[PDB]
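Both backbone and side-chain heavy atoms feed into the values below; hydrogens, waters and symmetry mates do not. Throughout, residue positions are numbered sequentially from 1 according to the sequence presented. Atoms within each ligand, like the ligands themselves, are counted from 1 in listed order.
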Amino acid sequence: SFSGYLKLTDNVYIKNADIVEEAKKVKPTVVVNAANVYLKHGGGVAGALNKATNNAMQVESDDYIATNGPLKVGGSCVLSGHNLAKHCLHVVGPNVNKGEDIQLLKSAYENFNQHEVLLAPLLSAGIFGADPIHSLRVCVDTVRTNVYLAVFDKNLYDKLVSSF
Ligand SMILES: Cc1ccc(S(=O)(=O)Nc2ccccc2F)cc1C(=O)Nc1cnc2[nH]ncc2c1
């Protein structure tokens, strides 16, 4: 099971960890990817998860997009978790660097409520450009299922806990 997490609320937990290493250790039922609408896993959490699957996540994702077209900002799809998890929930939070609406962050977190427990990153944080303190607030006020947040950056983890 999950270990070494700090409890923030009844259902939200947080740890300073690399989500790839956490997924390889725990083999959760669901790992969340910080996806874009095209499922092009180039950088950030998506690039790191895809590299850990030896590009199998990108080959499956390209077939999904060829069949279904792009996701919506704030939407998600469930695909294989490959060697990392049973499933990967690809969730698209708004990318502030591309000018997307930050109000869509709550819609993005609502996708997590379809799964009893998830290993996840903070949506729209990092290279997506939003304030991670805001992302954690929307996560706690939106997600009702059990979420284990992995924050890679130690300095950001300490700021997120100390300002919670
Ligand atoms: C800058 C940074 C570096 C590294 C990490 S990470 O390694 O924890 N995660 C991570 C890295 C890449 C892709 C996606 C990820 F989630 C996060 C951040 C972060 O979000 N900081 C931060 C702090 N205050 C801010 N205010 N407004 C914006 C803003 C951003």
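When all heavy atoms of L39 and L71 are compared, the pair lying nearest together is CG-CD1, 4.0 Å. When every heavy atom of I65 is checked against every heavy atom of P70, the shortest pair comes out as CD1-CA, 3.8 Å.
Ring centroid separation for the pair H115 and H87 does not come in under the 6.0 Å cut-off.
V91 and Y38 are members of different hydrophobic clusters when ILVMFWY side chains are connected at heavy-atom separations under 4.5 Å.
Under 4.0 Å is where a charged nitrogen must lie from a carboxylate oxygen, and between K106 and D141 no such pair does.
Listed by chain and number, the residues in a salt bridge (charged side-chain N to carboxylate O under 4.0 Å, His left out) with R144 amount to none (sequence neighbours excluded).
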Ligand 1 N/O to protein N/O, distances under 3.5 Å:
from	atom 1	to	atom 2	distance (Å)
ligand 1	8 (O)	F152	N	3.3
ligand 1	8 (O)	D153	N	2.9
ligand 1	20 (O)	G126	N	3.0

